[PDB]
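A quick write-up on the structure given underneath.
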Amino acid sequence: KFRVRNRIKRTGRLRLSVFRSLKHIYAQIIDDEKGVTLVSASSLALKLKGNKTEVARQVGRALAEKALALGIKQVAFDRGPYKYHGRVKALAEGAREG
Amino acid sequence: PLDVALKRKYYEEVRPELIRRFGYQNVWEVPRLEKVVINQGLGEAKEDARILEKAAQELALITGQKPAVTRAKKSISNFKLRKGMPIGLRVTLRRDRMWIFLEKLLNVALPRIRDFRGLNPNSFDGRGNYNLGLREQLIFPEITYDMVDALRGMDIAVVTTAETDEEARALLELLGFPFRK
Amino acid sequence: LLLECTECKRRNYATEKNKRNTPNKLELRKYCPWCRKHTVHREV
Amino acid sequence: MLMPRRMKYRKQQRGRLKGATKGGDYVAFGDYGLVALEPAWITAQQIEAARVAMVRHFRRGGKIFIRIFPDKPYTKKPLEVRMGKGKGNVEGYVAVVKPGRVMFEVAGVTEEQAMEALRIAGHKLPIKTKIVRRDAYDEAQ
Amino acid sequence: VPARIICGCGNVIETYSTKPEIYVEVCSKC
RNA sequence: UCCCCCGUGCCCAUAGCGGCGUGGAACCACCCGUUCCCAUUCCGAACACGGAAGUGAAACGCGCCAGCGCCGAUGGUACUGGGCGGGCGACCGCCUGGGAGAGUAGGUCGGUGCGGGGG
RNA sequence: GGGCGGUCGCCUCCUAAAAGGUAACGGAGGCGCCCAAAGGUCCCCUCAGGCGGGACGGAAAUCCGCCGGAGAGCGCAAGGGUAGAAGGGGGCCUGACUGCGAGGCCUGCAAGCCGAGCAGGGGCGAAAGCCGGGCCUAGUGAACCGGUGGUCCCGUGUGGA
RNA sequence: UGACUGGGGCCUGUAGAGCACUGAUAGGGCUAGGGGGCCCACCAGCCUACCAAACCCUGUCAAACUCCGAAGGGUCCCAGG
RNA sequence: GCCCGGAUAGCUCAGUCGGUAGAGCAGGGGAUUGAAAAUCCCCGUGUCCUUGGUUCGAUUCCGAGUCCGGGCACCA
């Protein structure tokens with residue numbers, strides 16, 4: 001298996017989860033303990049382009065505008081099998097830094 | 001180098017003959033080749049200063065791909081070496097490179113095998129996929145007669161998507177695998 | 001083996017342990033001093 | 001004699017004898033059995049004298065089942081020594097037997113000879129015995 | 001690179017390897 | 001409100017192994033490539049990137065099944081806080097509050113939050 | 001009884017009667033080291049066994065395919081713990097920091113242990129963050145008297161010695 | 001605020017029991033090796049109320065074994081006292 | 001801890017008061033005799049520990065590192 005679950009290395013609140021599918025890319029801001037999503041956005045499942053990495057940034061900036069609107073400032077970055085590369089949401093706005 | 005005889009003359013001959021011979025439902029339900037992996041092994045990390053990636057590049061000629069060194073785990077104090085630091089020598093061939101090797105192997109190698117009569121029939125003996133080994137390195141075409149310090153052998157293993165060793169026994173004899181049934 | 005570590009070009013010590021045969025000779029390693037903040041330190 | 005061929009440790013503690021048997025209390029192997037009334041440690045040389053007697057009596061006979069094992073070691077200090085200086089040497093092996101344990105069994109012999117051979121055994125044993133048949137010993141479901 | 005094998009039994013097989021000039025005494029034709 | 005699929009938590013096997021049916025419009029995966037970012041002790045196998053000719057074969061989702069696995073009473077005992085006996089002693093019995101483990105009847109191929117896409 | 005013999009500090013398990021503690025010249029083992037990578041961090045990877053199948057090849061040299069939640073591994077004793085890593089592989093490193101330390105475990109004394117957090121100046125990471133040696137529990141010795149290297153201190157009328 | 005007692009919440013591995021782990025175990029089944037008869041040394045072949053692994057069935061044992069496990073005991077809160 | 005000597009052929013050791021690398025023994029080929037020895041001819045063999053430097057170059061001469069060998073003290 002890809003056990004992975006570095007996501008287990010989350011202490012000090014507010015998780016920005018990312019999902020990379022062969023066609024698409026999705027993301028939801030989660031408050032655990034409660035067990036509840038607060039904010040979201042997706043790839044063409046949000047109605048959008050047919051590219052890849054360009055599309056990523058777009059969904060990113062999307063998530064940003066919506067979150068700050070609710071009063072949410074800072075978080076922590078995910079993707080389980082990340083390998084932080086390519087399809088990155090290197091977006092302004094959200095205060096999770098980097 | 002993008003399409004060879006075994007490549008072509010698999011899709012345009014051997015492919016359909018098996019959907020007939022066995023009646024499949026899917027292009028994926030038919031047997032394919034996955035992979036061919038050769039291993040030398042030897043055991044010559046001894047005295048007299050032992051180089052022998054010297055003999056890992058002469059293996060890289062015949063195959064075209066450069067091999068990785070494989071190391072040791074236990075310790076045969078009975079017949080020398082231990083720990084790690086050793087000799088075993090290996091390479092994994094997938095597609096194109098795969099057929100190119102098999103190509104010359106079937107056309108030129110097994111023919112060159114001093115006596116020969118055909119490969120052994122049941123080195124599948126059940127578990128799908130097949131295995132054979134060799135004594136000589138010079139039954140190969142691209143390797144010369146005057147560049148040998150010392151002849152040596154290898155263990156060729158050929159993998160398949162097919163479950164039973166019927167489905168496989170077919171697929172290989174059809175691409176030209178000479179059998180001493 | 002017992003060992004002491006000097007702030008190249010002044011005072012200071014830190015003090016550790018080398019293994020002579022096993023990786024040793026000319027031990028050098030980067031460290032902080034109260035004297036002039038970091039600083040590269042050698043054996044003695 | 002009749003001892004274990006391997007043990008984690010060579011000597012062990014003494015321990016008390018609570019009532020009951022916990023298990024071993026229904027016949028389950030042969031036709032006639034021998035059950036215990038008093039608690040005791042039963043030595044190997046007793047079990048043997050009991051075994052050989054059984055067979056002795058009905059020569060060329062049935063089958064005997066020795067449903068107990070001398071798994072426990074016996075310590076004893078050399079003669080005329082004082083106390084302390086650590087535990088004794090191991091001088092033999094015994095089996096813990098409490099009220100209700102079925103110790104022995106025979107099968108495939110005349111009720112006549114069973115009754116008899118079992119009675120002789122009790123004369124080899126340091127406790128009170130009783131003989132038994134094949135009644136409601138049916139722990140099936 | 002692409003290559004030609006030249007048998008002592010006349011025949012010419014056309015595959016690839018490295019070094020294209022190959023004298024072989026006998027392929028799968030005897 | 002009612003279905004289906006994709007993410008993500010709580011329950012901690014009554015969710016598990018193995019069998020047998022299904023599902024591709026949409027999701028998802030496999031698939032097409034290796035120029036490009038990025039990869040291999042050798043391998044685009046894996047990570048990774050650009051694609052959409054094909055397939056639900058593999059993987060995954062959804063059912064149905066009790067062979068193995070898992071859960072499991074009710075009764076009745078074992079043992080026992082406290083009180084009191086019998087015996088000369090290994091040990092055995094009463095009274096009052098507590099009460100197993102094995103084994104039996106039986107139960108199980110899950111339940112349940114938050115958010116997305118589709119009718 | 002005393003001698004002859006054995007022992008004298010420290011760690012692990014049992015004796016120990018389901019908190020802690022608990023004796024005997026009661027049963028059974030280990031320590032008086034090691035690591036310049038066996039340490040920090042970031043990114044990867046998963047065992048032992050078993051049955052197939054393969055030139056030299058044993059009964060596991062290395063190769064391939066199924067099955068196998070841990071029985072392998074973690075420098076060395078045993079115990080606890082551990083693959084949702086503490087285990088195996090690489091890249092950059094030196095936090096095997098300085099100045100402190102709220103609050104507790106343990107306890108006759110004196111010792112032994114765990115430690116969040118602030119300041120300084122750093123390492124690895126995109127970030128979240130993690131780092132004040134080592135999966136953990138043995139590898140140890142009060143004061144006294146001296147040795148070496150430094151520094152605000154004292155310096156027998158004053159300066160220095 | 002005490003001893004002691006009532007009502008709650010944690011913590012625990014004994015008595016008892018059990019065989020999943022470590023070891024021990026009697027009998028039968030199934031079945032590697034080895035002994036030995038049939039027999040040929042060109043190496044095979046068949047049998048054996050022999051000794052016998054691993055595995056399964058029945059039956060059990062253990063301070064330094066535990067899938068399980070009481071009564072009680074420890075502690076904290078609220079009361080009586 | 002402090003003060004002296006030393007490393008060169010397989011072994012054990014002699015050297016220019018800077019320009020040469022040499023002995024004995026062992027090992028090896030032959031002469032030899034009743035056997036075993038003792039005679040007698042004949043050859044093999046080097047990073048002079050060691051890195052630096054003086055110097056026209058250095059085995060030697062000097063800084064330094066390393067290990068083997070002596071000598072004399074201290075121990076709370």
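Here's how to read the names in the structure tokens: chain A, B, ... by the order shown, residue numbers from 1 in each chain, ligand numbers from 1 in the order shown.
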
_Taking 4 positions as the minimum chain separation for residues in the same chain, which residues sit within 10 Å of segment 28-43 of chain G when counting only C-alpha atoms (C1' of nucleotides)? Answer as a VMD selection string._
(chain A and resid 83) or (chain C and resid 17 to 20 22 to 25 27 to 29) or (chain D and resid 9 to 10) or (chain G and resid 9 to 14 75 to 78 90 to 96 123 to 125 130 to 131 133 to 134 138 to 140) or (chain H and resid 64)

Neighbour list for segment 16-26 of chain G as a PDB file with C-alpha atoms (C1' of nucleotides), in the first residue's frame, cut-off 9 Å, only C-alpha atoms (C1' of nucleotides), skip fewer than 6 positions in-chain:
```
ATOM      1  CA  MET D  83      19.388 -24.426  56.243  1.00  0.00           C
ATOM      2  CA  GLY D  84      19.953 -21.731  53.589  1.00  0.00           C
ATOM      3  CA  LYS D  85      22.720 -22.079  50.986  1.00  0.00           C
ATOM      4  CA  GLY D  86      19.995 -21.975  48.268  1.00  0.00           C
ATOM      5  CA  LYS D  87      17.540 -24.491  46.834  1.00  0.00           C
TER       6      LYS D  87
ATOM      7  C1'   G G   6      30.312 -17.637  48.471  1.00  0.00           C
ATOM      8  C1'   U G   7      28.941 -12.457  48.270  1.00  0.00           C
TER       9        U G   7
ATOM     10  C1'   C H  11      -6.411   2.909  37.512  1.00  0.00           C
ATOM     11  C1'   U H  12      -5.131  -2.617  38.253  1.00  0.00           C
ATOM     12  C1'   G H  13      -3.672  -8.394  35.985  1.00  0.00           C
ATOM     13  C1'   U H  14      -4.233 -11.913  41.694  1.00  0.00           C
ATOM     14  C1'   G H  73      -7.906  -2.582  46.657  1.00  0.00           C
ATOM     15  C1'   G H  74      -5.814   2.384  45.161  1.00  0.00           C
ATOM     16  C1'   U H  75      -7.160   7.470  44.062  1.00  0.00           C
TER      17        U H  75
END
```

*Take atom CA of residue 125 of chain B and atom CA of residue 94 of chain B and report the distance between them in Å, one decimal.*
23.9 Å

*Would you give me, as a ChimeraX atom specification, the residues of chain B that come within 6 Å of chain E, using only C-alpha atoms?*
/B:107-108,111

For those residues, write N, CA, C and O atoms to a file as a PDB file, in the first residue's frame.
```
ATOM      1  N   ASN B 107      16.105 -15.662 -32.803  1.00  0.00           N
ATOM      2  CA  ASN B 107      16.595 -15.773 -34.174  1.00  0.00           C
ATOM      3  C   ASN B 107      18.024 -16.270 -34.220  1.00  0.00           C
ATOM      4  O   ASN B 107      18.412 -16.927 -35.180  1.00  0.00           O
ATOM      5  N   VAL B 108      18.818 -15.918 -33.211  1.00  0.00           N
ATOM      6  CA  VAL B 108      20.275 -16.063 -33.307  1.00  0.00           C
ATOM      7  C   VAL B 108      20.956 -16.743 -32.104  1.00  0.00           C
ATOM      8  O   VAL B 108      21.977 -17.387 -32.279  1.00  0.00           O
ATOM      9  N   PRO B 111      19.690 -20.878 -31.445  1.00  0.00           N
ATOM     10  CA  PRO B 111      20.383 -21.507 -32.558  1.00  0.00           C
ATOM     11  C   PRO B 111      21.876 -21.730 -32.315  1.00  0.00           C
ATOM     12  O   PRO B 111      22.376 -22.830 -32.580  1.00  0.00           O
TER      13      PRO B 111
END
```

*Got a sec to tell me which of segment 10-159 of chain B DSSP assigns to strand (DSSP E), as a PyMOL selection string?*
chain B and resi 33-39+68-69+89-93+130-134+154-159

Given the selection you just returned, output its residues as a file containing C-alpha atoms, formatted as a compact mmCIF listing (two decimals), in the first residue's frame.
```txt
# COMPACT_ATOMS: atom_id res chain seq x y z
CA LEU B 33 4.20 -9.65 -21.92
CA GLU B 34 4.88 -7.57 -18.82
CA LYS B 35 8.64 -7.73 -18.41
CA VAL B 36 11.93 -9.64 -18.92
CA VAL B 37 14.56 -9.66 -16.20
CA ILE B 38 18.03 -11.15 -16.45
CA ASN B 39 20.36 -11.98 -13.53
CA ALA B 68 22.47 -2.54 -11.46
CA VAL B 69 24.64 -4.35 -8.92
CA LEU B 89 24.31 -8.46 -11.08
CA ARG B 90 20.88 -7.59 -12.56
CA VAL B 91 18.78 -5.68 -15.25
CA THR B 92 14.98 -5.14 -15.86
CA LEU B 93 13.79 -4.89 -19.51
CA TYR B 130 8.55 -18.68 -17.54
CA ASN B 131 12.24 -19.14 -16.69
CA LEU B 132 15.43 -20.34 -18.42
CA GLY B 133 19.21 -20.06 -17.79
CA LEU B 134 22.45 -20.12 -19.83
CA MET B 154 22.70 -15.95 -16.79
CA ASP B 155 19.06 -16.52 -15.55
CA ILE B 156 16.40 -15.12 -17.92
CA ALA B 157 12.88 -14.70 -16.48
CA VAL B 158 9.85 -13.75 -18.58
CA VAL B 159 6.61 -12.41 -17.01
```

Could you make a table, as a tab-separated table, of the residues of chain D that have an atom within 12 Å of an atom of chain H, each with its nearest atom pair and distance in Å to one decimal, counting only C-alpha atoms (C1' of nucleotides), in chain and number order?
```
residue	atom	partner	partner_atom	distance
D:2	CA	H:25	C1'	11.0
D:3	CA	H:25	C1'	10.0
D:4	CA	H:24	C1'	6.8
D:5	CA	H:24	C1'	8.6
D:6	CA	H:24	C1'	7.4
D:7	CA	H:23	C1'	6.9
D:8	CA	H:23	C1'	6.4
D:9	CA	H:64	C1'	8.8
D:10	CA	H:64	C1'	11.9
D:11	CA	H:63	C1'	10.6
D:12	CA	H:63	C1'	7.4
D:13	CA	H:63	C1'	6.6
D:14	CA	H:63	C1'	9.3
D:15	CA	H:63	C1'	9.0
D:18	CA	H:15	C1'	10.6
D:19	CA	H:16	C1'	11.8
D:20	CA	H:16	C1'	11.4
D:21	CA	H:60	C1'	11.4
D:22	CA	H:17	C1'	8.1
D:23	CA	H:60	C1'	7.7
D:24	CA	H:60	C1'	7.0
D:25	CA	H:60	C1'	10.8
D:26	CA	H:59	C1'	10.4
D:27	CA	H:59	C1'	10.0
D:28	CA	H:59	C1'	8.1
D:29	CA	H:59	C1'	8.5
D:30	CA	H:27	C1'	11.0
D:63	CA	H:27	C1'	10.2
D:64	CA	H:27	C1'	10.0
D:65	CA	H:26	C1'	7.4
D:66	CA	H:26	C1'	6.5
D:67	CA	H:26	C1'	6.1
D:68	CA	H:26	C1'	7.4
D:69	CA	H:25	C1'	7.1
D:70	CA	H:61	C1'	9.0
D:71	CA	H:61	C1'	6.8
D:72	CA	H:62	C1'	8.7
D:73	CA	H:62	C1'	11.5
D:94	CA	H:61	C1'	11.5
D:95	CA	H:61	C1'	8.9
D:96	CA	H:61	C1'	9.2
D:97	CA	H:61	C1'	11.2
D:101	CA	H:60	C1'	10.7
D:102	CA	H:60	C1'	11.0
D:103	CA	H:60	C1'	11.1
D:104	CA	H:26	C1'	11.0
D:105	CA	H:26	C1'	11.6
```

*asked:* Please report the interatomic distance between atom CA of residue 26 of chain B and atom CA of residue 13 of chain B in Å with one decimal.
replied: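 Those two atoms sit 16.7 Å apart.
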
_Report as number ranges by chain all protein, DNA and RNA residues lying within 12 Å of residue 174 of chain B, evaluated on only C-alpha atoms (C1' of nucleotides), omitting residues in the same chain fewer than 2 positions from it._
B: 6, 9-11, 13-18, 21, 106, 167-172, 176-179

Go ahead and write the selection's residues with N, CA, C and O atoms as a PDB file, in the first residue's frame.
```pdb
ATOM      1  N   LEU B   6       8.770  -9.157 -33.628  1.00  0.00           N
ATOM      2  CA  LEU B   6       8.011  -9.740 -32.522  1.00  0.00           C
ATOM      3  C   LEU B   6       6.908  -8.802 -32.055  1.00  0.00           C
ATOM      4  O   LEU B   6       5.865  -9.252 -31.593  1.00  0.00           O
ATOM      5  N   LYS B   9       4.423  -8.640 -35.384  1.00  0.00           N
ATOM      6  CA  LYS B   9       3.906  -9.985 -35.615  1.00  0.00           C
ATOM      7  C   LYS B   9       3.410 -10.680 -34.345  1.00  0.00           C
ATOM      8  O   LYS B   9       3.313 -11.903 -34.284  1.00  0.00           O
ATOM      9  N   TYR B  10       3.092  -9.857 -33.345  1.00  0.00           N
ATOM     10  CA  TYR B  10       2.312 -10.244 -32.176  1.00  0.00           C
ATOM     11  C   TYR B  10       0.878  -9.711 -32.300  1.00  0.00           C
ATOM     12  O   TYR B  10      -0.074 -10.486 -32.196  1.00  0.00           O
ATOM     13  N   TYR B  11       0.735  -8.395 -32.505  1.00  0.00           N
ATOM     14  CA  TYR B  11      -0.581  -7.757 -32.687  1.00  0.00           C
ATOM     15  C   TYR B  11      -1.276  -8.223 -33.959  1.00  0.00           C
ATOM     16  O   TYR B  11      -2.479  -8.432 -33.957  1.00  0.00           O
ATOM     17  N   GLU B  13      -0.826 -11.105 -35.627  1.00  0.00           N
ATOM     18  CA  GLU B  13      -0.937 -12.581 -35.787  1.00  0.00           C
ATOM     19  C   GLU B  13      -1.286 -13.317 -34.488  1.00  0.00           C
ATOM     20  O   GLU B  13      -2.341 -13.942 -34.383  1.00  0.00           O
ATOM     21  N   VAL B  14      -0.389 -13.232 -33.504  1.00  0.00           N
ATOM     22  CA  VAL B  14      -0.492 -14.025 -32.265  1.00  0.00           C
ATOM     23  C   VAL B  14      -1.665 -13.552 -31.407  1.00  0.00           C
ATOM     24  O   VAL B  14      -2.331 -14.365 -30.781  1.00  0.00           O
ATOM     25  N   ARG B  15      -1.884 -12.237 -31.379  1.00  0.00           N
ATOM     26  CA  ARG B  15      -3.050 -11.621 -30.723  1.00  0.00           C
ATOM     27  C   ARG B  15      -4.384 -12.295 -31.063  1.00  0.00           C
ATOM     28  O   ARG B  15      -5.025 -12.846 -30.169  1.00  0.00           O
ATOM     29  N   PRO B  16      -4.814 -12.231 -32.349  1.00  0.00           N
ATOM     30  CA  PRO B  16      -6.105 -12.823 -32.715  1.00  0.00           C
ATOM     31  C   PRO B  16      -6.188 -14.348 -32.523  1.00  0.00           C
ATOM     32  O   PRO B  16      -7.210 -14.850 -32.031  1.00  0.00           O
ATOM     33  N   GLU B  17      -5.120 -15.067 -32.882  1.00  0.00           N
ATOM     34  CA  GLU B  17      -5.085 -16.536 -32.769  1.00  0.00           C
ATOM     35  C   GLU B  17      -5.410 -17.045 -31.358  1.00  0.00           C
ATOM     36  O   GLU B  17      -5.909 -18.153 -31.216  1.00  0.00           O
ATOM     37  N   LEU B  18      -5.120 -16.243 -30.331  1.00  0.00           N
ATOM     38  CA  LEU B  18      -5.443 -16.585 -28.939  1.00  0.00           C
ATOM     39  C   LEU B  18      -6.856 -16.167 -28.536  1.00  0.00           C
ATOM     40  O   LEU B  18      -7.428 -16.765 -27.636  1.00  0.00           O
ATOM     41  N   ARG B  21      -8.394 -19.245 -30.085  1.00  0.00           N
ATOM     42  CA  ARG B  21      -7.971 -20.453 -29.327  1.00  0.00           C
ATOM     43  C   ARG B  21      -8.643 -20.564 -27.940  1.00  0.00           C
ATOM     44  O   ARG B  21      -8.851 -21.660 -27.431  1.00  0.00           O
ATOM     45  N   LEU B 106      15.712 -15.349 -30.010  1.00  0.00           N
ATOM     46  CA  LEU B 106      15.001 -16.399 -30.748  1.00  0.00           C
ATOM     47  C   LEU B 106      15.544 -16.679 -32.155  1.00  0.00           C
ATOM     48  O   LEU B 106      15.437 -17.797 -32.646  1.00  0.00           O
ATOM     49  N   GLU B 167      -2.612 -20.752 -21.008  1.00  0.00           N
ATOM     50  CA  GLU B 167      -2.733 -19.452 -21.639  1.00  0.00           C
ATOM     51  C   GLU B 167      -1.350 -18.897 -22.014  1.00  0.00           C
ATOM     52  O   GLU B 167      -1.195 -18.199 -23.022  1.00  0.00           O
ATOM     53  N   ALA B 168      -0.354 -19.227 -21.191  1.00  0.00           N
ATOM     54  CA  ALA B 168       1.022 -18.796 -21.399  1.00  0.00           C
ATOM     55  C   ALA B 168       1.762 -19.737 -22.338  1.00  0.00           C
ATOM     56  O   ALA B 168       2.471 -19.290 -23.250  1.00  0.00           O
ATOM     57  N   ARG B 169       1.599 -21.037 -22.106  1.00  0.00           N
ATOM     58  CA  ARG B 169       2.278 -22.047 -22.909  1.00  0.00           C
ATOM     59  C   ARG B 169       2.043 -21.785 -24.379  1.00  0.00           C
ATOM     60  O   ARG B 169       2.932 -22.008 -25.206  1.00  0.00           O
ATOM     61  N   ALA B 170       0.831 -21.327 -24.690  1.00  0.00           N
ATOM     62  CA  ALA B 170       0.475 -20.877 -26.031  1.00  0.00           C
ATOM     63  C   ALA B 170       1.272 -19.642 -26.436  1.00  0.00           C
ATOM     64  O   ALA B 170       2.103 -19.698 -27.345  1.00  0.00           O
ATOM     65  N   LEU B 171       1.035 -18.539 -25.735  1.00  0.00           N
ATOM     66  CA  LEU B 171       1.566 -17.249 -26.137  1.00  0.00           C
ATOM     67  C   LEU B 171       3.044 -17.264 -26.528  1.00  0.00           C
ATOM     68  O   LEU B 171       3.433 -16.533 -27.437  1.00  0.00           O
ATOM     69  N   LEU B 172       3.870 -18.062 -25.856  1.00  0.00           N
ATOM     70  CA  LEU B 172       5.318 -18.049 -26.127  1.00  0.00           C
ATOM     71  C   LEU B 172       5.726 -18.926 -27.320  1.00  0.00           C
ATOM     72  O   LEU B 172       6.602 -18.553 -28.108  1.00  0.00           O
ATOM     73  N   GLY B 176       7.591 -17.938 -31.231  1.00  0.00           N
ATOM     74  CA  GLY B 176       8.760 -18.668 -31.689  1.00  0.00           C
ATOM     75  C   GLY B 176       9.647 -19.145 -30.559  1.00  0.00           C
ATOM     76  O   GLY B 176      10.841 -18.885 -30.569  1.00  0.00           O
ATOM     77  N   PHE B 177       9.082 -19.851 -29.586  1.00  0.00           N
ATOM     78  CA  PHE B 177       9.888 -20.411 -28.504  1.00  0.00           C
ATOM     79  C   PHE B 177      10.078 -21.920 -28.717  1.00  0.00           C
ATOM     80  O   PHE B 177       9.171 -22.703 -28.412  1.00  0.00           O
ATOM     81  N   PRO B 178      11.261 -22.332 -29.231  1.00  0.00           N
ATOM     82  CA  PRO B 178      11.536 -23.748 -29.574  1.00  0.00           C
ATOM     83  C   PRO B 178      11.445 -24.744 -28.407  1.00  0.00           C
ATOM     84  O   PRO B 178      12.281 -24.694 -27.520  1.00  0.00           O
ATOM     85  N   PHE B 179      10.481 -25.666 -28.429  1.00  0.00           N
ATOM     86  CA  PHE B 179      10.215 -26.530 -27.260  1.00  0.00           C
ATOM     87  C   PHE B 179      10.535 -28.034 -27.393  1.00  0.00           C
ATOM     88  O   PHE B 179      10.081 -28.705 -28.306  1.00  0.00           O
TER      89      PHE B 179
END
```

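Inside segment 37-86 of chain A, the residues DSSP reads as alpha helix (DSSP H) when given the backbone are residues 53, 54, 55, 56, 57, 58, 59, 60, 61, 62, 63, 64, 65, 66, 67, 68, 69 and 70 of chain A.
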
*If you count only C-alpha atoms (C1' of nucleotides), which residues fall within 12 Å of residue 44 of chain I, apart from same-chain ones fewer than 5 positions away, as a PyMOL selection string?*
chain I and resi 9-10+27-29

Would you save the residues of that selection, restricted to N, CA and C atoms (P, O5', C5', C4', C3', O3' and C1' of nucleotides), as a PDB file, in the first residue's frame?
```
ATOM      1  P     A I   9      65.175  -4.058   5.141  1.00  0.00           P
ATOM      2  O5'   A I   9      65.621  -4.501   3.673  1.00  0.00           O
ATOM      3  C5'   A I   9      64.661  -4.752   2.621  1.00  0.00           C
ATOM      4  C4'   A I   9      64.942  -6.073   1.931  1.00  0.00           C
ATOM      5  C3'   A I   9      64.658  -7.326   2.760  1.00  0.00           C
ATOM      6  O3'   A I   9      64.002  -8.306   1.979  1.00  0.00           O
ATOM      7  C1'   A I   9      66.852  -7.417   1.906  1.00  0.00           C
ATOM      8  P     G I  10      62.417  -8.392   1.997  1.00  0.00           P
ATOM      9  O5'   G I  10      62.131  -9.371   3.216  1.00  0.00           O
ATOM     10  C5'   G I  10      60.805  -9.873   3.454  1.00  0.00           C
ATOM     11  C4'   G I  10      60.912 -11.155   4.225  1.00  0.00           C
ATOM     12  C3'   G I  10      61.612 -11.026   5.571  1.00  0.00           C
ATOM     13  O3'   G I  10      60.715 -10.695   6.626  1.00  0.00           O
ATOM     14  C1'   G I  10      62.525 -12.844   4.349  1.00  0.00           C
ATOM     15  P     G I  27      67.741 -22.617   5.216  1.00  0.00           P
ATOM     16  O5'   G I  27      67.112 -21.952   3.922  1.00  0.00           O
ATOM     17  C5'   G I  27      65.690 -21.882   3.770  1.00  0.00           C
ATOM     18  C4'   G I  27      65.367 -21.167   2.491  1.00  0.00           C
ATOM     19  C3'   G I  27      65.912 -21.799   1.220  1.00  0.00           C
ATOM     20  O3'   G I  27      65.234 -22.976   0.792  1.00  0.00           O
ATOM     21  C1'   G I  27      66.357 -19.502   1.165  1.00  0.00           C
ATOM     22  P     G I  28      66.068 -24.168   0.112  1.00  0.00           P
ATOM     23  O5'   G I  28      66.474 -23.547  -1.302  1.00  0.00           O
ATOM     24  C5'   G I  28      65.466 -23.185  -2.277  1.00  0.00           C
ATOM     25  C4'   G I  28      66.089 -22.593  -3.525  1.00  0.00           C
ATOM     26  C3'   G I  28      67.137 -23.450  -4.230  1.00  0.00           C
ATOM     27  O3'   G I  28      66.576 -24.437  -5.116  1.00  0.00           O
ATOM     28  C1'   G I  28      67.984 -21.250  -3.913  1.00  0.00           C
ATOM     29  P     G I  29      67.325 -25.872  -5.365  1.00  0.00           P
ATOM     30  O5'   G I  29      68.523 -25.498  -6.364  1.00  0.00           O
ATOM     31  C5'   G I  29      68.304 -25.231  -7.776  1.00  0.00           C
ATOM     32  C4'   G I  29      69.584 -24.861  -8.520  1.00  0.00           C
ATOM     33  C3'   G I  29      70.762 -25.829  -8.456  1.00  0.00           C
ATOM     34  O3'   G I  29      70.701 -26.893  -9.395  1.00  0.00           O
ATOM     35  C1'   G I  29      71.555 -23.649  -8.092  1.00  0.00           C
TER      36        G I  29
END
```

*Please provide as a list in words all residues within 8 Å of segment 51-68 of chain A, with the sequence filter that same-chain residues fewer than 4 positions apart are discarded (counting only C-alpha atoms (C1' of nucleotides)).*
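Surrounding residues, per the criterion: residues 24, 25, 26, 39, 40, 41, 42, 43, 72, 73, 86, 87, 88, 89, 90, 91, 92, 93 and 94 of chain A.
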
Could you save those same residues with C-alpha atoms as a tab-separated table (two decimals), in the first residue's frame?
```tsv
chain	number	residue	atom	x	y	z
A	24	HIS	CA	-9.16	16.87	-12.15
A	25	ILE	CA	-8.02	18.60	-8.95
A	26	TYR	CA	-10.16	19.37	-5.87
A	39	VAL	CA	-14.95	25.90	2.46
A	40	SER	CA	-14.31	24.23	-0.96
A	41	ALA	CA	-13.50	24.36	-4.71
A	42	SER	CA	-12.71	21.86	-7.53
A	43	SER	CA	-11.41	21.50	-11.15
A	72	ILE	CA	-10.71	32.21	8.05
A	73	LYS	CA	-7.05	33.29	7.95
A	86	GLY	CA	3.85	20.13	-10.58
A	87	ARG	CA	0.13	20.69	-9.90
A	88	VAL	CA	0.86	23.16	-6.99
A	89	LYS	CA	-1.59	25.70	-5.46
A	90	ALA	CA	1.18	28.29	-4.91
A	91	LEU	CA	-1.52	30.93	-4.23
A	92	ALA	CA	-1.49	34.34	-2.52
A	93	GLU	CA	-4.19	35.13	0.18
A	94	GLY	CA	-4.48	32.11	2.61
```

*If you count only C-alpha atoms (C1' of nucleotides), which residues fall within 12 Å of residue 9 of chain C, apart from same-chain ones fewer than 6 positions away, as number ranges by chain?*
C: 35-36, 39-42

_Taking only C-alpha atoms into account, name the residue in D:88, D:57, D:93, D:32 that is nearest to residue 1 of chain D._
D:93

*May I ask for the distance between atom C1' of residue 78 of chain H and atom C1' of residue 104 of chain G, given in Å to one decimal place?*
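Separating atom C1' of residue 78 of chain H from atom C1' of residue 104 of chain G is a distance of 27.0 Å.
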
*Within 10 Å of residue 15 of chain F, counting only C-alpha atoms (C1' of nucleotides), which residues qualify if same-chain residues fewer than 2 places away don't, as a count of residues only?*
6
